[PDB]
Structure formats: C-alpha cells, structure tokens
Amino acid sequence: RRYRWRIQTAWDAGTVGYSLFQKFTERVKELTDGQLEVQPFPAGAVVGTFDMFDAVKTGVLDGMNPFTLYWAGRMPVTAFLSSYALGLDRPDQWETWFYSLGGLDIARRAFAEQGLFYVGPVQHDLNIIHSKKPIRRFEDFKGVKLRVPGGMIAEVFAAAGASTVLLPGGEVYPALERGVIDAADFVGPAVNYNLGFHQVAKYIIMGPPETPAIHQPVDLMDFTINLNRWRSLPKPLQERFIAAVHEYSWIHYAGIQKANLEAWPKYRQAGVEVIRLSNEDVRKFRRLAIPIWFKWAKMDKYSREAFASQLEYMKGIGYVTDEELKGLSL
Amino acid sequence: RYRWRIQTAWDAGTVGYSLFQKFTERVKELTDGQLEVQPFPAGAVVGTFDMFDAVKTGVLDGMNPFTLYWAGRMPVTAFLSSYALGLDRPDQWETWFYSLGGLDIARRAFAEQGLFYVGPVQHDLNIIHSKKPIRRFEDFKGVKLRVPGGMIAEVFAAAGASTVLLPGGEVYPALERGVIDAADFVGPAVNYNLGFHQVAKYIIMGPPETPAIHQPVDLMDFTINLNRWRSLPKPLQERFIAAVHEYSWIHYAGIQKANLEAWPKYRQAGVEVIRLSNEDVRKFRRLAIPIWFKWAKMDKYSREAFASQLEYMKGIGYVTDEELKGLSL
C-alpha cells in the first residue's frame, strides 16, 4: 500500500532551498519503494508560513519543513531547538546535543503534547543581515527597523535598541523597498541573493571572523508531522522516514553551503559591501544575550530542560564561564 | 536474504564498537531484515591493517576503517580524512564530500580497487598521550611517536619525531615497555577505554583555537567488496547508503557524549592535559603546507581531491596565497 503526504516547506519557490526540498521528496519515494510519497509545497502555497504549525496540527497539511524557531511565541522550547545568540555555534554541536545529549527526546515530548511528531532537525546555515544602512558597530543597531524571526533572536536585537519586525522571508524585499524596514535577518548568502535583497540593500552585516554569526550561527529547520498521520504510518516506513530526514539534513546543509560559496562572488559584483563587526561588538551582545537565555529558559518545563542540557554542554566545551553566570539560575 | 560480515577498526569494549554493533541492528530494521550485517571487532577476522585486502578478496564482505589507513597504497585516502592544518570541522568535510565532489572522487578511486566506498563516517578529533611532558614544538624532537602513517606521520617526522605505526590495540604495551614515548590514537573516551591513562600521565593537545593540530576530523567509512555490492538489489543499496549517512552522525554524537564524560576521568587518574601555543601551531603549519602538495601530486585521484579541497580552503580563508608561495599542484 501507498501513503501520500502533503508537506509545505518554509522555503519560497525559486530558492536553492526549495530545489533541495523537491529533490528530497524523490529520495523519500526511492527509499520507500514508492510506498511513502511526499507532495512538496513551497512557502505560502497552502497556508501562510507562520500558520503552518496550526495547519499541521489540524491536519490540513500532513507535515511541514519549517525553521523551528518560528514557534517560539507559542512553544518556548522551540527558541532552544535552533541557534540563539552566542550559544553553541557549530552544526556538529547541535547534532551532538540532539542525538546524544537528549535534545531529540525533549523536542519530541514537547511536540507530542501539541499533537505533532517532531522527526528531527535539518541542518542548514548561519544567517546574515542585509541592511540599507551601514551598521558598523554595536551602537549602530539603535533605532534600526529590523526584520527578525521573533523569539529570543528578536529580544536580543531589541535589547540592542533595534525596532524588531516579524515578517515572512517572502515579504522582506517589498518591506525594504518601501522603507517599512531598514534591515533584515533572513537566511544565508545564496538564498538571500535568490530573493534579491542585494537590489534593495547594499550592505551585508556579519560578525568578526572569530564570530561570523552573532545571532543565528545554526539556523535549523526540521520535519514535523501531524501526530495522527504519523501513527497511521507503519513502523517500518516511520523508521525509514526518520533515516531519510537525517540523511537529508546534511544533503540539504551541503547543498546550501555549496550555493553560499558561489554567492559571495556575486555580492561583490552587485556592489554589496560585506561589513564585519568587531570582537568588542560581540562582547556587548554577549552581555545582553546571556541574561535573555535564562529569561526564555524559565518559560516552561521544556525550555528549562533544553536550556539546562545545552548549558551543561557549553560549560563542558568552554563556551561559558561560571563568572558570566553569576546570579542566573533556572 | 543478504548477510554481510563487516569488521570495524574499533576494538571490542570501546565506545566505538558499541555504536557499531548498534548500527547493525539499525540496518536490519531499515531493510526489514533483508540485509543483515554481522559485526566483528578489530582483529576478530583479520588484523586491522589487513582489512583492505580481506574485503577486496572477499574474506570480508566489508569494513569500517579509519580511511587514511590505506594512504600507503591509495594516496587519495590521505585526503579522505583530515590532515594537519587543513579543513578542521566536521561540517566542512561533510560539505566537501556531499556537495563539492568528494564522494564521487572517493567512489571512483575505490572502484578501481574492486571496492565500493559507501560514504564517510564522522567521528572526532584525535589527541596525543605521552609519558613525558611535551609542552612546545621543540619538545617533539627525538620523541618515538605512534601515528597512523601517511601524511600525518610525515608532518611529525618533519618536526623531529621518530614515528611508528601500530594498530590502536598495540599502543598500551608499547607505551608500558618503552617502545614508544607517546601515541596519537583517537579521542579521549576510547583512548581511556584502552587504558592509556594507566601508562602515560600526559595528554598533549593544541591551543583552544586549534585543539587538534594533526587530526581534527578523523573519518571512518564503510567500504564493501564491489561484487558483494553489485549483487545487492538497488533498493537495498540505496537504503544502506542512507543507513550509513544516518549512522555517521549517530556515531559522531555518541563519541562526543563519551568524550565529555572522559575528561573528568582523566583528571581523577592524575593525567595532566597540556596545551601547546598558537606559535607551536604556526611552526607545524610551515611544515604541513609543503607536505600537502607532496602527497597531492602522487596520482590522478589525490590531485583531484586536494585541488578541490584547496579551492574550498581558499574560499573560506583557511590558506593565504602568501603561505602558498612557490607551491603548485
């Protein structure tokens, strides 16, 4: 017997990401001998990106491939299921936390309460900022109307004085063009180029070579399926799909990084200047970020569990010192 | 319906072998029992360094080795695992293999050997265990050091050490009997499983900025006898490829968890962790770069692999034209 699932991705049509996602659906058919077929839908095709969560919960969609932290406002734990400012910043660290330090189970338990089955994370990229204004130091963020993905990311930029705005990636170009926003933090170089941000913003803002991405060094996506639809899939196919997503996580990551390398030369020719903030700017953001980690971690039991296990890991690899944590607890 | 005997480079009792044993159960699950792999720890069927020939001839259906062990016979394999001061993050090697053309190069080079290179298996960086303190670059001179040969051994030889090749299972007695002064094997957890802390009270690592100078990404892989592979139906071939890719990271994560738990054990065993300086790293760097090119030029496959990696490294700022002055592959 054959099963058919409709799954919408956060990737807009015409992006390297959507192409990768399409390819994934044929890999799934191959790995299941045609027994599990996924019909891909680009961002907005069935429901607005920010409403996918509820659309999957109710079953209009069988599943989704979102940027996990989009649900931070309704599920605090999701702010910890993707990178946050100055925390773990390498793909391998997130892989370790999810797959051996207990992250996958925390995520699954939190989503299960929502009637969703969190399959696993999908590696992706660090994020960059596109700005119409040259933001060369920490102090230049004050007063900047900045599109960000809400949650803890938005809070850190707000603490730096920015006026944060929540908008889907597909609405960023017109917002910049119309002056609704001055800058935008969406994804990496290749996809941002696909969407044309270089045409409406001549500056790319990045951290120092030591800390390239201050805010989102590991911007994870994932695959989350309606729980009822998941439970109806035979276990053999469930296990195959889990493996398929884990393989895709890195095939996706690899494809994005390839496109990114090819994108930098393009920005140069577009007349875009890549601006690098300093290590001092990183220290100013760090002082604001750590307290915010704790504020978000204490929201519920899931956010507490995710953050506590990530904090112990960070202590283990020298990413945080006891001194910096003075007065902070869960 | 299909049963394969596969031997790993991991010794029984190590964290690595437990992960590998678990992988065989996952494979059975992913193929509904149609493909069953019988796991064998290091040395069970044949000696670790003899796996290459065992699989080629079919004595073994496959193997899970540290890829650079074949550097002597296949120069390209020195480039299918990390080398001194090159790409040093798991994600970079993953990108190189899966989107920058590395997997195809590996498969073509192994097919000529009658072997099917499934894919790389992520693992860890490696550390050094020493009986005497090695606190600076200059202290490597005269050290009898166990290393995995190939390019890794040459860089250490260039630094004045006397390198020796021994499978991980022979390191403990060699250290205890004075045959070697130090040994680079794998990460902290497995080295602890092997008991190195009982015979050497120092661990030598690079600075925080470069913790692993010679082997930051010590990749393993799965390689199957070519005829055995071609005899396996396409659907199952594909499922095994996905199984190994999933395993790559489950294995990596398992090793990293064990490593975090190992550092406290070394402290309790009275072992001192020594960190070399940024200057020591620069000194090794001057030696390593020229060696990369020496090995790169050996054949069509090593030339293709390094050319690709060098372009990647220049793309991400890992090498400067200044450092490459007078060097061409």
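All but one of (1) in a helix (DSSP H, G or I); (2) touching a residue at least 24 places away in the same chain (Cβ under 8 Å); (3) surrounded by fewer than 19 Cβ atoms within 10 Å (Cβ to Cβ) hold for residue A:106; which doesn't?
Every condition holds for residue A:106 apart from (3).
Does residue B:264 qualify as being surrounded by fewer than 18 Cβ atoms within 10 Å (Cβ to Cβ), under 22 Å from residue A:96 (Cβ atoms) and without any contact (Cβ under 8 Å) to a residue 60 or more places away in the chain?
On the way: surrounded by fewer than 18 Cβ atoms within 10 Å (Cβ to Cβ): yes; under 22 Å from residue A:96 (Cβ atoms): yes; without any contact (Cβ under 8 Å) to a residue 60 or more places away in the chain: yes.
Yes: the conditions hold for residue B:264.
Say we look at the range B:1-17 and pick out the residues that are under 14 Å from residue B:193 (Cα atoms) and out of contact with any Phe, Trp or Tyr (no Cβ under 8 Å at 6 or more places or on another chain); which of these is surrounded by the fewest Cβ atoms within 10 Å (Cβ to Cβ)?
Taking the range B:1-17 as the starting set, the residues that turn out to be under 14 Å from residue B:193 (Cα atoms) are B:10-17.
Now drop any that are not out of contact with any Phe, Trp or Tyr (no Cβ under 8 Å at 6 or more places or on another chain), which leaves B:12-15.
Working: B:12: 18, B:13: 12, B:14: 25, B:15: 22.
Here the answer is B:13.
Being within 30 Å of residue A:195 (Cα to Cα) and either surrounded by fewer than 17 Cβ atoms within 10 Å (Cβ to Cβ) or free of Cβ contacts under 8 Å to residues at least 24 places away in the same chain (or both) narrows it down to one residue among A:323, A:239, A:280, A:273; which is it? Can you show your working first?
Numbers: A:323 fails: within 30 Å of residue A:195 (Cα to Cα); A:239 fails: within 30 Å of residue A:195 (Cα to Cα); A:280 fails: within 30 Å of residue A:195 (Cα to Cα).
Just one listed residue meets the conditions, A:273.
Six or more apart or on different chains, Cβ under 6 Å: which pairs go from a residue in the range B:33-44 that's at negative phi to one that's part of a strand (DSSP E or B) and exposed (fewer than 14 other Cβ atoms within 10 Å of the Cβ)? Could you list them?
B:36/B:3
Output the residues belonging to the range B:63-90 that are touching a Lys or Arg at 6+ places or on another chain (Cβ under 7 Å) and surrounded by fewer than 24 Cβ atoms within 10 Å (Cβ to Cβ).
B:89
Counting only residues that are surrounded by fewer than 20 Cβ atoms within 10 Å (Cβ to Cβ) and more than 14 Å from chain B (Cβ to nearest Cβ), which one in the range A:196-229 is farthest from residue A:13 (Cα to Cα)?
A:228
Going by what's in this entry, would residue A:287 be described as over 20 Å from the mean Cα position of the chain (by Cα) and within 14 Å of another protein chain (Cβ to nearest Cβ)? It would help to see each step written out before you state the result.
Working: over 20 Å from the mean Cα position of the chain (by Cα): yes; within 14 Å of another protein chain (Cβ to nearest Cβ): no.
Judged against the criteria, residue A:287 is not a match.
Is it the case that residue A:95 is charged (D, E, K, R) and within 14 Å of chain B (Cβ to nearest Cβ)?
Yes, satisfied.
Taking residue A:59, is it more than 14 Å from every other protein chain (Cβ to nearest Cβ) and on the phi > 0 side of the Ramachandran plot?
In short, yes.
So for the range B:163-174 (the condition being of a type in the set (S, T, N, Q), without any contact (Cβ under 8 Å) to a residue 24 or more places away in the chain and either in contact with a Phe, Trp or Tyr (Cβ under 9 Å, 6 or more places away or on another chain) or under 26 Å from residue B:114 (Cα atoms) (or both)), does at least one residue qualify?
The first filter runs over the range B:163-174 and keeps only residues of a type in the set (S, T, N, Q), leaving B:163.
The next check asks that each one be without any contact (Cβ under 8 Å) to a residue 24 or more places away in the chain; those that pass are B:163.
From what is left, the residues that are either in contact with a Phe, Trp or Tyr (Cβ under 9 Å, 6 or more places away or on another chain) or under 26 Å from residue B:114 (Cα atoms) (or both) are B:163.
Yes, that holds for at least one residue.
For (1) of a type in the set (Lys, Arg); (2) surrounded by fewer than 21 Cβ atoms within 10 Å (Cβ to Cβ), each residue gets a yes or a no:
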residue: A:149; (1), (2): no, no
residue: A:153; (1), (2): no, no
residue: A:156; (1), (2): no, no
residue: A:161; (1), (2): no, yes
residue: A:165; (1), (2): no, yes
residue: A:178; (1), (2): yes, yes
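Looking for whichever is in contact with a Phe, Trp or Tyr (Cβ under 9 Å, 6 or more places away or on another chain), away from chain A (no Cβ under 14 Å) and assigned to a helix (DSSP H, G or I) here; the options are B:117, B:83, B:69. Which one fits?
B:69
Any read-out appearing in this document is the output of simple, stated calculations on the displayed coordinates, not a laboratory observation. Virtual Cβ from ideal backbone geometry, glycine too; neighbours counted across all protein chains shown.
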